[PDB]
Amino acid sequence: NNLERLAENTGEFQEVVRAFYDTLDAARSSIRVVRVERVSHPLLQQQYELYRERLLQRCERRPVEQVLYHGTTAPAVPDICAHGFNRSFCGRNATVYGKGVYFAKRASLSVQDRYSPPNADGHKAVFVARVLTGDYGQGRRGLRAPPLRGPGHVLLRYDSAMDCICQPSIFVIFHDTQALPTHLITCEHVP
């Protein structure tokens, strides 16, 4: 398999859980981490690293890459581990910032049941991902691609879409090598 459980013991586990809890906000008191698995996908990772170096070479602005969260359903977990994030596996209910795959800066958003619904055991799946957001532009409802840059720009479209230029909290990506799942956090609601 492509998932490897990490020991609570480790620096990796602790930094991943630290960042998760540090952005749970309101939800922090009622969410418990069950386990954290490292995700491995050698091909996708190498494809991502190529996309990353190209963006670093092209983009004058920094950062080009962000750590973001993605809540999903139990059934989608194996597909995302095998094939990365794309529309066909990920939730296709959100259209307000475009018809792509949605990622959150803060876990408080991804831990909501509408995005990471519990399975039979009450377990919820939240991926942590390295995402090449690059140059993002304001998302538009129903758009199938990232928004157009317009005339002050040699490129046709932004690299990603976002909810708002003021404290962006949601990013929409439209290419399947633009986000590399690094970890899967299984968590649960606890009073």
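Numbers for residues come from their place in the sequence shown, where the first is 1.
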Residue range whose averaged C-alpha B-factor is higher in the record, 108 to 116 or 86 to 94: 86 to 94
Mean C-alpha B-factor comparison - 176 to 184 and 13 to 21, higher one: 13 to 21
Per the PDB entry, maximal CA B factor within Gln46, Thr133, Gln57, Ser30: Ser30
Entry-reported Cα temperature factor of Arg61, expressed as the chain third it lands in: middle
Within-chain third of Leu50 by Cα B-factor, per the entry: lowest
Assigned third (lowest, middle, highest) for the C-alpha B factor of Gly122: highest
Lowest, middle or highest third - CA B-factor, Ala26: highest
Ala161 - which third its CA temperature factor falls in, relative to the rest of the chain: lowest
